[PDB]
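Written out below as structure tokens is the structure these notes cover.
No value in this document is a laboratory result; all are computed from the given coordinates. Cβ atoms come from the backbone with ideal geometry, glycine included; neighbour counts cover every protein chain shown.
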Amino acid sequence: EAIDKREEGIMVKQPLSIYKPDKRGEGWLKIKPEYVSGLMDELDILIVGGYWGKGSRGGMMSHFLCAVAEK
DNA sequence: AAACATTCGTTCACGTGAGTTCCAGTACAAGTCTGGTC
């Protein structure tokens, strides 16, 4: 239904769960279409440019600029 | 009366179960890099 209404996803919560600051995966869960395999459309695009990287990956092209073709 | 077969307590090797140490696989959390717009 969320996919029908063009929404991000759904959340599932446990009724007997207390509040715990800064804690993940205790009583709250999320489901998005991306997390389910096959439910998304993927794009095949070309790499037309590159950028240099920051500290952990310095002397290599870390991010890229992609382009689609013209019929 | 003498020779041969059987039996018995002993011995060794080999196999299997339980305890201990070490390492690989798994899980989770935090850190680091990136993307997009307003």
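For region A:1-34, give me each residue that is outside any loop (DSSP other than H, G, I, E, B), more than 16 Å from DNA strand B (Cβ to nearest atom) and under 29 Å from A:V68 (Cβ atoms).
Correct list: A:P33 only.
Test A:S37 against the criterion of being in a loop (DSSP other than H, G, I, E, B) and either out of contact with any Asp or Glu (no Cβ under 9 Å at 6 or more places or on another chain) or surrounded by 11 or more Cβ atoms within 10 Å (Cβ to Cβ) (or both), and give yes or no.
yes
Here is a check on your reading of the model: is A:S56 among the polar types (S, T, N, Q), surrounded by 10 or more Cβ atoms within 10 Å (Cβ to Cβ) and either within 13 Å of DNA strand B (Cβ to nearest atom) or assigned to a helix (DSSP H, G or I) (or both)?
no
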